[PDB]
Every structure is written in structure tokens, then in C-alpha cells.
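Everything on this sheet refers to the single structure shown next.
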Amino acid sequence: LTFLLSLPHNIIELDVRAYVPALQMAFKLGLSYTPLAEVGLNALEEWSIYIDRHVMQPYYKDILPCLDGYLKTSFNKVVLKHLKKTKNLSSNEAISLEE
DNA sequence: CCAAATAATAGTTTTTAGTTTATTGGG
């Protein structure tokens with residue numbers, strides 16, 4: 001499903017029926033596995049941007065309800081060390097729910 | 001490739017020695 005949603009808009013410009021359920025299931029599994037949710041969100045943005053919203057109208061009533069998820073809850077001294085801690089690096093990025 | 005404990009150099013404000021001036025008396 002990650003691959004399917006990863007398809008460009010050009011190919012998916014026909015048979016939105018194929019891609020809808022996979023998108024919904026991706027958004028469902030996002031509550032557990034974030035990266036699939038992120039990439040599916042990216043694909044959904046792309047489709048919204050590059051496809052006429054009229055053809056998505058029949059199932060905006062479907063996509064949005066499954067997005068109810070993810071919205072449910074809510075050394076270092078003043079001494080001048082040149083702050084080699086800061087000078088070290090920035091740590092590699094991971095993904096999070098908040099973003 | 002950071003990992004801590006230890007003397008040096010130089011941030012003061014001190015005197016002193018090259019300074020520069022208005023009165024000197026020469027066609």
C-alpha cells in the first residue's frame with residue numbers, strides 16, 4: 001500500500017476507486033506505524049493538488065472520518081566552554097506524532 | 001574527537017624620560 005499510494009497523480013487520474021480503500025487502510029495503520037501515515041498524507045496532498053476536487057467529492061466524506069485518529073489526546077554551566085556540546089552536531093532526525 | 005586538573009600572560013595604575021612651548025639679542 002505504501003508503494004500504491006506512492007504512485008504519482010498522473011497514473012491515478014483514473015479509477016480513484018482502486019486507491020481509496022488502500023488510502024483508508026494506510027490512514028488506519030498510521031495510528032501504529034507513523035511513516036506509512038506520513039507518506040500517505042503526502043500522497044493525499046498531491047492528489048488534492050493535482051486532481052480536480054470534483055472527482056474527489058464522492059469520498060471526501062470517506063477519507064476525512066478516518067482522519068479522526070491522530071487527534072485524540074494531548075556541562076551546561078555559565079562557564080565559557082565554547083559549548084562544544086553545541087559544536088558537536090545536530091542529531092539525525094526521526095519522525096513523531098506531533099509533526 | 002572533549003576527557004579534568006593545573007601555571008602561565010596579560011586585562012589595571014601606577015614613575016619616569018623625549019617631548020613641545022615664549023623670552024633671549026645677532027645685518
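Following the order of the C-alpha cells, chains are lettered A, B, ..., residues in each are numbered from 1, and ligands are numbered from 1.
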**OP:** Within 10 Å of chain B, which residues of chain A are there when counting only C-alpha atoms (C1' of nucleotides)? Please give them as a PyMOL selection string.
**Re:** chain A and resi 84-85+88
Output for the residues just chosen: N, CA and C atoms as a JSON list (two decimals), in the first residue's frame:
[["chain", "number", "residue", "atom", "x", "y", "z"],
["A", 84, "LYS", "N", 31.15, 23.13, 23.28],
["A", 84, "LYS", "CA", 31.49, 22.04, 22.38],
["A", 84, "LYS", "C", 30.32, 21.09, 22.21],
["A", 85, "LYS", "N", 29.43, 21.01, 23.20],
["A", 85, "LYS", "CA", 28.20, 20.25, 23.04],
["A", 85, "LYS", "C", 27.41, 20.76, 21.84],
["A", 88, "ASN", "N", 29.15, 20.08, 18.52],
["A", 88, "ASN", "CA", 29.29, 18.69, 18.11],
["A", 88, "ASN", "C", 28.61, 18.45, 16.77]]
Subject >> All alpha helix (DSSP H) positions in chain A, as number ranges by chain >> reply: A: 2-5, 9-12, 16-29, 34-50, 53-66, 84-88
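Residues surrounding region 10-27 of chain A within 7 Å are residues 1, 5, 36, 37, 40, 63, 66 and 67 of chain A [only C-alpha atoms (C1' of nucleotides); sequence separation below 4 positions excluded].
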